[PDB]
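Data block below; observations after.
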Number of protein chains: 6
Amino acid sequence: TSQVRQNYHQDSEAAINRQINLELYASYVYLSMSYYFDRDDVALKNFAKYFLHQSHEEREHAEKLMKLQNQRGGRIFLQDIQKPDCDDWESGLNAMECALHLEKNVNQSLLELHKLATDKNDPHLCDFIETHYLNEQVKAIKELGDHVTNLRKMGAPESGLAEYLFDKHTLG
Amino acid sequence: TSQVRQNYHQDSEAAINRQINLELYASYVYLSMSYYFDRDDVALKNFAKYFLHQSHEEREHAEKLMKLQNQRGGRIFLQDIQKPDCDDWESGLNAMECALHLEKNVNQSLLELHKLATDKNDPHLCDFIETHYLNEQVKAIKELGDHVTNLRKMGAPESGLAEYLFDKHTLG
Amino acid sequence: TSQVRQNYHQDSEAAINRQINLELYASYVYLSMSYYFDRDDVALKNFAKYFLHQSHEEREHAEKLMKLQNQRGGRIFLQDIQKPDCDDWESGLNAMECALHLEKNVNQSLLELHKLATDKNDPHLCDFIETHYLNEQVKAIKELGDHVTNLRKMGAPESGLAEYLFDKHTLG
Amino acid sequence: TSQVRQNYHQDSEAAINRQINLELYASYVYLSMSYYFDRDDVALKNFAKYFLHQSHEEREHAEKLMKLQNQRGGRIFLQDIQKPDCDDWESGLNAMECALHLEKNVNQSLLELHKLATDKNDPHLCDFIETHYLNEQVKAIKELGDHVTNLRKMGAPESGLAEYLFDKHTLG
Amino acid sequence: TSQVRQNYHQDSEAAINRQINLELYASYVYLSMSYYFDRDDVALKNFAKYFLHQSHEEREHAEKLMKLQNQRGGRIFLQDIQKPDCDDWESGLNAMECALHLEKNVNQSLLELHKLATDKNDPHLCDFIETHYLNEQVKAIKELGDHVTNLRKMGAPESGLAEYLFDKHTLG
Amino acid sequence: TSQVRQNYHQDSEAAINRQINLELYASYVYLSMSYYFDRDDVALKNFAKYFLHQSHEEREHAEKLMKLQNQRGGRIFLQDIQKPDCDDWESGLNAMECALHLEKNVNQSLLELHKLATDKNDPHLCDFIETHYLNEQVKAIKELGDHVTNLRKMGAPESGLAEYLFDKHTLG
């Protein structure tokens with residue numbers, strides 16, 4: 001047992017490992033989206049740039065948790081990264097939609113994490129999730145919801161002209 | 001079939017995809033290595049920083065291949081990222097050795113790739129592999145072989161004073 | 001025979017001359033395309049600038065081979081520059097398409113030039129074509145394919161509003 | 001018929017096309033002369049630079065006429081660029097003499113163009129040739145006439161020393 | 001056997017040591033020539049300065065192969081440096097001529113080395129020679145040929161005036 | 001016989017030629033030592049840097065003598081540079097010691113040279129050697145003697161930890 005562990009539960013340590021692997025998967029999803037728009041038969045250079053940033057930040061969110069797990073005395077245990085369920089992301093609107101579906105599932109895992117931290121009376125882990133992740137998620141779900149609303153009103157995905165300008169005017 | 005595909009064989013398009021999953025695997029490995037030294041019961045901050053840089057650079061190498069795939073008209077087909085075969089990396093010298101075994105296996109995959117490109121008479125992919133990857137790998141195999149030599153001559157891993165100073169004096 | 005000629009085959013010298021005229025022909029073609037868009041009934045200024053640039057760059061590639069011919073001790077023999085097959089390039093999407101066909105035709109010549117050097121065992125003329133032309137050719141083809149995909153997806157050439165905005169947002 | 005054409009004759013539109021192709025020919029000859037002095041058995045770097053600049057300026061003159069054609073409502077119709085009559089330019093003097101022979105033939109075609117616009121009562125095309133070309137030619141013919149005088153008096157082409165110092169002291 | 005050696009053949013390690021000893025021999029030749037022109041009865045400071053630089057660059061070429069050998073796991077085995085075949089370099093034209101004859105013999109050794117790396121399926125050793133040495137030689141052979149041509153047409157070595165202006169106007 | 005030779009004895013001239021080949025030998029020796037530590041199984045980058053600078057300096061003293069020889073009307077006659085007696089330099093202490101034995105051998109030669117000049121009554125050759133070589137040698141002998149004392153007292157060569165720190169703290 002670690003010398004720095006204090007009021008850090010076995011259930012809290014296991015759940016963070018599972019969350020580490022979740023962030024890492026989310027990064028592998030955004031990277032998969034990012035370079036689909038890089039294709040010659042897609043060619044939307046600001047969609048590809050938008051999703052390449054999101055994948056870099058999921059990388060960091062996973063790196064912050066593996067700092068936390070070491071900070072409290074727990075032990076990191078990694079798992080396979082499952083590939084994204086899709087290889088072809090259809091369009092820019094379908095891509096923004098599935099990302100919105102991806103950030104709500106990570107939110108749920110986080111609200112369930114914060115929830116275990118309360119049952120365990122772990123207020124630091126409580127305030128660590130509150131500070132670095134919770135508000136960051138709602139800001140992301142709102143941002144994606146704004147992008148999805150803009151594309152649908154502009155005529156996406158049936159109107160190819162609409163996705164072109166949104167790549168230039170909103171993501172540019 | 002793509003409109004920009006020219007002199008780009010199906011066997012070359014399949015091998016790049018596998019190589020993408022190989023580099024991403026290597027990135028996940030360094031991420032596992034980097035944060036093992038972040039643990040409170042290991043605590044070598046410049047080993048942890050060393051392998052976190054390598055993971056970002058393998059991330060970027062895989063990102064450079066997905067660009068090429070789209071450049072030549074190919075189609076990216078991703079796969080699961082298998083976890084590293086180890087959760088505990090023992091010591092600092094056992095970590096530099098396992099990265100030296102890693103880079104020589106990726107080098108092999110790049111030579112076999114540079115072969116197939118010669119056989120399919122694809123001298124661009126040949127010159128792509130030569131320019132961005134082959135010499136980068138030899139520079140990495142040589143740098144890891146330099147550290148393992150220094151660590152062993154200092155008394156690693158049995159002497160805890162050795163990996164401390166090497167952390168400070170070479171990796172710092 | 002020149003004093004500096006070493007390991008430079010007669011067939012290699014002839015094919016370099018044939019590659020010089022082919023570069024100058026492509027320069028002429030981009031010169032035709034450019035001022036077609038300068039016409040008062042076409043009036044797409046950025047399409048006319050984008051193709052002016054590509055003409056000078058073919059002018060510069062042709063000069064780089066003329067420098068090479070004098071380096072290895074060869075002799076430059078010039079030939080007529082045939083006029084481009086078309087005097088009217090229809091639209092902006094037709095023009096981009098014709099450029100994609102052109103650049104793939106030059107690449108084929110460059111790949112057939114690399115094979116001849118490989119047979120002749122001319123490893124410098126090999127690494128010359130590898131370094132200065134092959135990667136450049138793949139980068140131009142990909143860019144003309146990105147454009148054709150965008151113009152097509154915006155409704156070109158049937159929608160005049162699409163070519164206008166692509167003149168402004170992408171090429172501007 | 002164009003919407004901008006006004007007081008622009010069919011005989012003047014055709015004559016500008018024939019002038020475009022003559023400038024472009026004068027560009028191909030200076031390019032031909034340029035890299036003849038790049039040859040290892042010639043090796044006169046300032047001659048090669050001198051004639052390379054002349055090649056670019058002919059290129060730019062033909063551009064300006066292609067601009068003019070589109071400005072007045074005409075239509076550009078390109079022809080083959082016939083190769084230079086010589087592949088070997090003998091000496092630095094013979095290259096200056098033949099360049100002087102070239103500019104007077106182009107001058108003749110320009111006066112003949114000026115002349116045709118007069119009978120057409122096309123005063124804008126008259127002043128265009130006057131302002132951009134006619135005085136440019138006379139300065140070029142005179143400077144070319146100055147170099148042929150100097151080279152002849154120094155002892156060219158029978159004294160190779162003479163062509164070397166001119167290449168270093170005048171052209172440098 | 002070394003811990004970093006991988007796909008590095010015995011014959012290629014032996015050929016590099018023979019190459020190293022050849023580059024160090026070229027350095028001694030340029031150093032010999034350099035201070036010949038420093039002699040009070042020759043007194044060409046810029047010829048002395050030109051060949052001293054070439055002497056420092058051959059040294060650095062030898063240094064880079066000694067770095068390559070250690071990078072790949074091979075070992076450096078050194079041999080005697082044989083003195084130049086000449087102590088008196090006659091004149092400025094005879095020095096540029098024999099330097100030209102030296103660089104084509106070093107060139108051949110490089111092409112025979114690239115030749116060996118390909119039979120062994122060593123693409124890294126291939127591109128290492130390609131990138132650092134092959135194109136550097138062809139430029140040097142062409143430059144030296146340019147000096148040999150310029151000296152001959154000026155009247156060297158029979159005209160002592162000619163070697164003096166070259167010393168000033170080209171090498172200075 | 002030279003026009004600028006005055007009070008320069010044939011026995012002095014022959015000795016300078018022998019001293020030139022002795023310095024170049026010393027530069028070759030430091031060239032061997034320096035890339036020994038560059039090896040992946042030695043890997044002391046500062047030991048390698050220390051001896052590379054010593055090789056360039058011995059290269060330079062040999063150039064100052066070649067300048068001297070031409071000044072006094074002497075004629076440089078070069079000889080084969082013998083290879084160093086050893087290809088492997090064992091350790092970092094063994095390399096410092098062998099450098100101390102070399103320098104004292106070069107010193108002995110210079111003292112025998114200063115002597116011979118006094119007997120031929122050449123005070124300028126005396127003051128030359130006095131100024132540029134004698135005081136330099138004693139300083140290098142003392143510096144090398146300081147490095148050998150430190151390494152011995154720190155436990156070299158048996159303690160690999162010693163050679164590493166002295167590589168960092170003294171040579172770094």
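Lettering and numbering for the structure tokens are positional, with chains as A, B, ... in the shown order, residues counted from 1 in each chain, and ligands counted from 1 in the shown order.
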Exercise for review: Hey, list the chain C side of the contact with chain D: 9 Å cut-off, only C-alpha atoms, answer as an NGL selection string.
Suggested key: :C and (2-4 or 31-32 or 35-36 or 38-41 or 63 or 66-67 or 69-84 or 87-88)
Take the selection from the previous step and output its residues with N, CA, C and O atoms, as a CSV table (one decimal), in the first residue's frame.
```csv
chain,number,residue,atom,x,y,z
C,2,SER,N,32.5,15.3,-72.4
C,2,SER,CA,32.8,16.3,-71.4
C,2,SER,C,33.7,15.8,-70.4
C,2,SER,O,33.8,14.6,-70.2
C,3,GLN,N,34.4,16.7,-69.7
C,3,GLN,CA,35.4,16.3,-68.7
C,3,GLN,C,34.7,15.8,-67.4
C,3,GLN,O,35.3,15.0,-66.7
C,4,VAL,N,33.6,16.3,-67.1
C,4,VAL,CA,32.9,16.1,-65.8
C,4,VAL,C,31.9,14.9,-65.9
C,4,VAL,O,31.4,14.6,-64.8
C,31,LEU,N,-0.2,28.9,-68.5
C,31,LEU,CA,-0.3,30.2,-69.0
C,31,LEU,C,-1.6,30.4,-69.8
C,31,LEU,O,-2.2,31.5,-69.8
C,32,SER,N,-2.0,29.4,-70.6
C,32,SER,CA,-3.3,29.5,-71.3
C,32,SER,C,-4.5,29.6,-70.3
C,32,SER,O,-5.3,30.5,-70.4
C,35,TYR,N,-5.0,33.3,-68.3
C,35,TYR,CA,-5.6,34.5,-68.9
C,35,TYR,C,-6.9,34.2,-69.5
C,35,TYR,O,-7.6,35.1,-70.0
C,36,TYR,N,-7.3,32.9,-69.6
C,36,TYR,CA,-8.7,32.6,-69.9
C,36,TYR,C,-9.6,33.2,-68.8
C,36,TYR,O,-10.7,33.7,-69.1
C,38,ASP,N,-8.9,35.7,-67.0
C,38,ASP,CA,-8.7,37.2,-67.0
C,38,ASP,C,-9.7,37.8,-68.0
C,38,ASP,O,-9.9,39.0,-67.9
C,39,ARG,N,-10.3,37.0,-68.9
C,39,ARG,CA,-11.3,37.5,-69.8
C,39,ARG,C,-12.4,38.3,-69.1
C,39,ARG,O,-12.7,38.0,-67.9
C,40,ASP,N,-13.0,39.2,-69.8
C,40,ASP,CA,-14.1,40.0,-69.2
C,40,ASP,C,-15.4,39.2,-69.1
C,40,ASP,O,-16.3,39.6,-68.3
C,41,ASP,N,-15.5,38.2,-69.9
C,41,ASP,CA,-16.7,37.3,-69.8
C,41,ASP,C,-16.5,36.1,-68.9
C,41,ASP,O,-17.4,35.4,-68.6
C,63,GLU,N,13.9,24.8,-65.6
C,63,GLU,CA,15.2,25.4,-65.4
C,63,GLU,C,16.1,24.5,-64.5
C,63,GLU,O,17.3,24.3,-64.8
C,66,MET,N,17.5,21.8,-66.6
C,66,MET,CA,18.5,22.4,-67.5
C,66,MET,C,19.8,22.6,-66.7
C,66,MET,O,20.9,22.5,-67.3
C,67,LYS,N,19.7,23.0,-65.5
C,67,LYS,CA,20.9,23.1,-64.6
C,67,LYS,C,21.5,21.7,-64.4
C,67,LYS,O,22.7,21.5,-64.4
C,69,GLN,N,21.3,19.0,-66.4
C,69,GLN,CA,22.0,18.5,-67.6
C,69,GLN,C,23.4,19.0,-67.8
C,69,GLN,O,24.3,18.3,-68.2
C,70,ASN,N,23.6,20.3,-67.4
C,70,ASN,CA,25.0,20.8,-67.5
C,70,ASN,C,25.9,20.4,-66.3
C,70,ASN,O,27.1,20.4,-66.4
C,71,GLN,N,25.3,19.9,-65.2
C,71,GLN,CA,26.0,19.4,-64.1
C,71,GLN,C,26.7,18.1,-64.4
C,71,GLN,O,27.9,17.9,-64.2
C,72,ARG,N,25.9,17.1,-64.9
C,72,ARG,CA,26.5,15.8,-65.2
C,72,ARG,C,27.2,15.7,-66.5
C,72,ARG,O,27.7,14.6,-66.8
C,73,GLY,N,27.4,16.8,-67.2
C,73,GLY,CA,28.2,16.9,-68.4
C,73,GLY,C,27.4,16.6,-69.6
C,73,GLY,O,28.0,16.4,-70.7
C,74,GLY,N,26.1,16.6,-69.6
C,74,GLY,CA,25.2,16.4,-70.7
C,74,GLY,C,25.1,17.6,-71.6
C,74,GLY,O,25.7,18.7,-71.3
C,75,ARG,N,24.3,17.5,-72.6
C,75,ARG,CA,24.1,18.6,-73.6
C,75,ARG,C,22.6,18.8,-73.8
C,75,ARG,O,21.8,17.8,-74.1
C,76,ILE,N,22.1,20.0,-73.6
C,76,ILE,CA,20.7,20.4,-73.7
C,76,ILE,C,20.3,20.5,-75.2
C,76,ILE,O,21.0,21.2,-75.9
C,77,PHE,N,19.3,19.8,-75.6
C,77,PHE,CA,18.7,19.9,-76.9
C,77,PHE,C,17.2,20.3,-76.8
C,77,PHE,O,16.5,19.5,-76.3
C,78,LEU,N,16.8,21.5,-77.3
C,78,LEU,CA,15.5,22.0,-77.1
C,78,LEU,C,14.6,21.7,-78.3
C,78,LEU,O,15.1,21.5,-79.4
C,79,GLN,N,13.3,21.6,-78.0
C,79,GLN,CA,12.3,21.3,-79.0
C,79,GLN,C,11.2,22.3,-78.9
C,79,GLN,O,11.1,23.0,-78.0
C,80,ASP,N,10.3,22.2,-80.0
C,80,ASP,CA,9.2,23.1,-80.0
C,80,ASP,C,8.3,22.9,-78.8
C,80,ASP,O,8.3,21.9,-78.2
C,81,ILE,N,7.6,24.0,-78.4
C,81,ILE,CA,6.6,23.9,-77.3
C,81,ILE,C,5.3,23.9,-78.1
C,81,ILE,O,4.8,24.9,-78.6
C,82,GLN,N,4.6,22.7,-78.1
C,82,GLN,CA,3.3,22.6,-78.7
C,82,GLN,C,2.3,23.5,-77.9
C,82,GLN,O,2.4,23.6,-76.7
C,83,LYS,N,1.4,24.0,-78.7
C,83,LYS,CA,0.4,24.8,-78.0
C,83,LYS,C,-0.6,23.9,-77.3
C,83,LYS,O,-0.8,22.7,-77.6
C,84,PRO,N,-1.3,24.4,-76.2
C,84,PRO,CA,-2.3,23.6,-75.5
C,84,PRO,C,-3.4,23.2,-76.4
C,84,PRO,O,-3.8,23.9,-77.4
C,87,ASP,N,-8.3,26.2,-76.5
C,87,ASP,CA,-8.2,27.7,-76.5
C,87,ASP,C,-9.3,28.3,-75.5
C,87,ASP,O,-9.2,29.4,-75.1
C,88,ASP,N,-10.3,27.5,-75.1
C,88,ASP,CA,-11.3,27.9,-74.2
C,88,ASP,C,-11.4,26.8,-73.1
C,88,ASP,O,-11.7,25.7,-73.5
```
Could you give me chain E least-squares fitted onto chain B (all C-alpha atoms, paired in order), as an mmCIF file with C-alpha atoms, in the first residue's frame?
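Final output, saved to selection-v1.cif:
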```
data_model
loop_
_atom_site.group_PDB
_atom_site.id
_atom_site.type_symbol
_atom_site.label_atom_id
_atom_site.label_comp_id
_atom_site.auth_asym_id
_atom_site.auth_seq_id
_atom_site.Cartn_x
_atom_site.Cartn_y
_atom_site.Cartn_z
ATOM 1 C CA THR E 1 -12.097 4.569 -57.105
ATOM 2 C CA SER E 2 -10.484 7.898 -56.244
ATOM 3 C CA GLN E 3 -9.751 10.621 -58.796
ATOM 4 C CA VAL E 4 -6.199 11.350 -57.577
ATOM 5 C CA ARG E 5 -4.979 7.755 -57.189
ATOM 6 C CA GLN E 6 -2.165 6.951 -59.623
ATOM 7 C CA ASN E 7 0.561 4.298 -59.280
ATOM 8 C CA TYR E 8 -0.682 3.506 -55.762
ATOM 9 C CA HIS E 9 -1.027 -0.235 -55.213
ATOM 10 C CA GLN E 10 -3.626 -2.026 -53.085
ATOM 11 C CA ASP E 11 -0.927 -3.818 -51.085
ATOM 12 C CA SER E 12 0.846 -0.527 -50.293
ATOM 13 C CA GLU E 13 -2.394 1.103 -49.114
ATOM 14 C CA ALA E 14 -3.052 -1.878 -46.848
ATOM 15 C CA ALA E 15 0.484 -1.841 -45.439
ATOM 16 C CA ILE E 16 0.185 1.851 -44.513
ATOM 17 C CA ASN E 17 -2.946 1.254 -42.423
ATOM 18 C CA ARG E 18 -1.130 -1.532 -40.568
ATOM 19 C CA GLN E 19 1.742 0.920 -40.095
ATOM 20 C CA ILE E 20 -0.619 3.622 -38.801
ATOM 21 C CA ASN E 21 -2.002 1.237 -36.181
ATOM 22 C CA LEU E 22 1.539 0.269 -35.145
ATOM 23 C CA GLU E 23 2.627 3.877 -34.612
ATOM 24 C CA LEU E 24 -0.440 4.539 -32.463
ATOM 25 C CA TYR E 25 0.473 1.466 -30.419
ATOM 26 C CA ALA E 26 3.990 2.749 -29.773
ATOM 27 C CA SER E 27 2.445 6.006 -28.547
ATOM 28 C CA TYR E 28 0.310 4.150 -26.009
ATOM 29 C CA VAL E 29 3.413 2.323 -24.763
ATOM 30 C CA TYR E 30 5.405 5.515 -24.182
ATOM 31 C CA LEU E 31 2.363 7.071 -22.504
ATOM 32 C CA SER E 32 2.114 4.010 -20.257
ATOM 33 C CA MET E 33 5.789 4.256 -19.306
ATOM 34 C CA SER E 34 5.627 8.024 -18.824
ATOM 35 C CA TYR E 35 3.238 8.159 -15.878
ATOM 36 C CA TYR E 36 4.749 5.070 -14.265
ATOM 37 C CA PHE E 37 7.737 7.281 -13.446
ATOM 38 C CA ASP E 38 5.226 9.883 -12.239
ATOM 39 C CA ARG E 39 4.112 7.458 -9.501
ATOM 40 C CA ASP E 40 4.819 8.501 -5.921
ATOM 41 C CA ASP E 41 6.810 5.283 -5.397
ATOM 42 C CA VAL E 42 8.973 5.806 -8.508
ATOM 43 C CA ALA E 43 9.168 9.595 -8.712
ATOM 44 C CA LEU E 44 11.358 10.239 -11.747
ATOM 45 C CA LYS E 45 10.065 13.434 -13.325
ATOM 46 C CA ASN E 46 12.560 13.533 -16.204
ATOM 47 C CA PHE E 47 11.972 9.911 -17.194
ATOM 48 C CA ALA E 48 8.260 10.744 -17.192
ATOM 49 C CA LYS E 49 9.046 13.805 -19.313
ATOM 50 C CA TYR E 50 11.224 11.893 -21.784
ATOM 51 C CA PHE E 51 8.649 9.195 -22.560
ATOM 52 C CA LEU E 52 5.743 11.651 -22.748
ATOM 53 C CA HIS E 53 7.577 13.461 -25.554
ATOM 54 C CA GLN E 54 8.192 10.158 -27.344
ATOM 55 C CA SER E 55 4.451 9.539 -26.973
ATOM 56 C CA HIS E 56 3.582 12.826 -28.702
ATOM 57 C CA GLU E 57 6.026 12.104 -31.537
ATOM 58 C CA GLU E 58 4.604 8.656 -32.292
ATOM 59 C CA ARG E 59 1.148 10.250 -32.430
ATOM 60 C CA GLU E 60 2.456 12.790 -34.949
ATOM 61 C CA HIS E 61 4.115 9.985 -36.923
ATOM 62 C CA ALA E 62 0.740 8.255 -37.085
ATOM 63 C CA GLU E 63 -0.827 11.553 -38.169
ATOM 64 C CA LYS E 64 1.627 11.937 -41.046
ATOM 65 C CA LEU E 65 0.802 8.526 -42.513
ATOM 66 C CA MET E 66 -2.916 9.309 -42.298
ATOM 67 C CA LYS E 67 -2.066 12.408 -44.326
ATOM 68 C CA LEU E 68 -0.018 10.352 -46.790
ATOM 69 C CA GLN E 69 -2.874 7.885 -47.299
ATOM 70 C CA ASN E 70 -5.367 10.613 -48.220
ATOM 71 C CA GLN E 71 -2.812 12.326 -50.469
ATOM 72 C CA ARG E 72 -2.452 9.242 -52.670
ATOM 73 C CA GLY E 73 -6.156 8.387 -53.005
ATOM 74 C CA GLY E 74 -6.181 5.481 -50.580
ATOM 75 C CA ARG E 75 -8.496 5.177 -47.604
ATOM 76 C CA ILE E 76 -7.849 4.896 -43.881
ATOM 77 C CA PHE E 77 -9.135 1.777 -42.110
ATOM 78 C CA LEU E 78 -8.486 1.734 -38.368
ATOM 79 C CA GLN E 79 -8.239 -1.096 -35.856
ATOM 80 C CA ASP E 80 -8.160 -1.413 -32.083
ATOM 81 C CA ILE E 81 -5.209 -0.066 -30.113
ATOM 82 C CA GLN E 82 -3.936 -3.032 -28.124
ATOM 83 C CA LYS E 83 -2.888 -2.185 -24.582
ATOM 84 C CA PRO E 84 0.799 -2.424 -23.642
ATOM 85 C CA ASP E 85 1.978 -5.860 -22.556
ATOM 86 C CA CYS E 86 3.090 -4.398 -19.208
ATOM 87 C CA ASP E 87 1.461 -2.203 -16.570
ATOM 88 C CA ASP E 88 4.518 -1.961 -14.272
ATOM 89 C CA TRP E 89 7.767 -0.944 -15.980
ATOM 90 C CA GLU E 90 10.011 -2.106 -13.109
ATOM 91 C CA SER E 91 12.803 0.468 -13.339
ATOM 92 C CA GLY E 92 14.376 3.162 -15.466
ATOM 93 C CA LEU E 93 16.797 0.777 -17.148
ATOM 94 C CA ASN E 94 14.107 -1.783 -18.013
ATOM 95 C CA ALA E 95 12.046 1.003 -19.600
ATOM 96 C CA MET E 96 14.859 2.279 -21.821
ATOM 97 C CA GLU E 97 15.635 -1.345 -22.721
ATOM 98 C CA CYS E 98 12.098 -2.209 -23.836
ATOM 99 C CA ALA E 99 11.703 1.132 -25.617
ATOM 100 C CA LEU E 100 14.865 0.185 -27.513
ATOM 101 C CA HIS E 101 13.243 -3.173 -28.288
ATOM 102 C CA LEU E 102 10.131 -1.323 -29.509
ATOM 103 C CA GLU E 103 11.944 0.983 -31.934
ATOM 104 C CA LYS E 104 13.742 -1.917 -33.625
ATOM 105 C CA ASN E 105 10.374 -3.612 -34.177
ATOM 106 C CA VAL E 106 8.873 -0.434 -35.648
ATOM 107 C CA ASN E 107 12.089 -0.135 -37.667
ATOM 108 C CA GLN E 108 11.644 -3.625 -39.131
ATOM 109 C CA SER E 109 8.074 -2.758 -40.137
ATOM 110 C CA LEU E 110 9.382 0.320 -41.959
ATOM 111 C CA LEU E 111 12.079 -1.625 -43.800
ATOM 112 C CA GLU E 112 9.431 -4.173 -44.783
ATOM 113 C CA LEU E 113 7.300 -1.283 -46.073
ATOM 114 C CA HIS E 114 10.058 0.312 -48.150
ATOM 115 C CA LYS E 115 10.650 -3.278 -49.260
ATOM 116 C CA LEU E 116 7.074 -3.461 -50.545
ATOM 117 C CA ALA E 117 7.088 -0.068 -52.280
ATOM 118 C CA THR E 118 10.123 -1.062 -54.359
ATOM 119 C CA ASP E 119 8.535 -4.297 -55.600
ATOM 120 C CA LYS E 120 5.535 -2.228 -56.700
ATOM 121 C CA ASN E 121 7.702 0.434 -58.400
ATOM 122 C CA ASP E 122 6.440 3.188 -56.079
ATOM 123 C CA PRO E 123 9.359 5.649 -55.873
ATOM 124 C CA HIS E 124 7.351 8.351 -54.059
ATOM 125 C CA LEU E 125 6.195 6.033 -51.269
ATOM 126 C CA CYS E 126 9.847 4.946 -51.172
ATOM 127 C CA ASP E 127 11.307 8.429 -50.687
ATOM 128 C CA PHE E 128 8.481 9.386 -48.309
ATOM 129 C CA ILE E 129 9.544 6.590 -45.962
ATOM 130 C CA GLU E 130 13.234 7.323 -46.593
ATOM 131 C CA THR E 131 12.999 11.031 -45.835
ATOM 132 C CA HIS E 132 10.547 11.240 -42.923
ATOM 133 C CA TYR E 133 10.911 7.968 -40.995
ATOM 134 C CA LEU E 134 13.972 5.846 -41.799
ATOM 135 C CA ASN E 135 16.701 8.232 -40.632
ATOM 136 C CA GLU E 136 14.523 9.301 -37.687
ATOM 137 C CA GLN E 137 14.456 5.713 -36.408
ATOM 138 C CA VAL E 138 18.212 5.071 -36.576
ATOM 139 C CA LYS E 139 18.801 8.238 -34.556
ATOM 140 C CA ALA E 140 16.254 7.130 -31.948
ATOM 141 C CA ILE E 141 17.674 3.598 -31.727
ATOM 142 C CA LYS E 142 21.170 5.043 -31.264
ATOM 143 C CA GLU E 143 20.045 7.571 -28.644
ATOM 144 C CA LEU E 144 18.208 4.899 -26.654
ATOM 145 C CA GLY E 145 21.227 2.612 -26.872
ATOM 146 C CA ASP E 146 23.325 5.473 -25.515
ATOM 147 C CA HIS E 147 21.009 5.712 -22.505
ATOM 148 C CA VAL E 148 21.041 1.944 -21.974
ATOM 149 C CA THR E 149 24.846 1.918 -21.983
ATOM 150 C CA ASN E 150 25.113 4.876 -19.601
ATOM 151 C CA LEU E 151 22.644 3.342 -17.138
ATOM 152 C CA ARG E 152 24.413 -0.032 -17.091
ATOM 153 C CA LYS E 153 27.870 1.402 -16.399
ATOM 154 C CA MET E 154 26.448 3.625 -13.639
ATOM 155 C CA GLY E 155 25.145 0.580 -11.752
ATOM 156 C CA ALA E 156 21.466 0.452 -12.670
ATOM 157 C CA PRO E 157 19.001 -0.794 -11.655
ATOM 158 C CA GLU E 158 20.547 -2.129 -8.443
ATOM 159 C CA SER E 159 21.936 1.292 -7.434
ATOM 160 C CA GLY E 160 19.007 3.643 -6.912
ATOM 161 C CA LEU E 161 21.455 6.541 -6.742
ATOM 162 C CA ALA E 162 22.462 5.916 -10.360
ATOM 163 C CA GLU E 163 18.976 6.293 -11.846
ATOM 164 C CA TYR E 164 18.616 9.585 -9.973
ATOM 165 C CA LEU E 165 21.682 11.371 -11.365
ATOM 166 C CA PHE E 166 20.849 10.135 -14.877
ATOM 167 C CA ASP E 167 17.370 11.579 -14.348
ATOM 168 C CA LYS E 168 19.071 14.860 -13.440
ATOM 169 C CA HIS E 169 22.237 14.994 -15.533
ATOM 170 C CA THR E 170 21.180 13.399 -18.856
ATOM 171 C CA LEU E 171 17.395 13.695 -19.216
ATOM 172 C CA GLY E 172 17.307 17.042 -17.396
#
```
Exercise for review: List every residue of stretch 9-141 of chain A that DSSP, applied to the backbone of this structure, places in alpha helix (DSSP H), and write the result as a PyMOL selection string.
Suggested key: chain A and resi 10-36+45-71+92-119+123-129+135-141
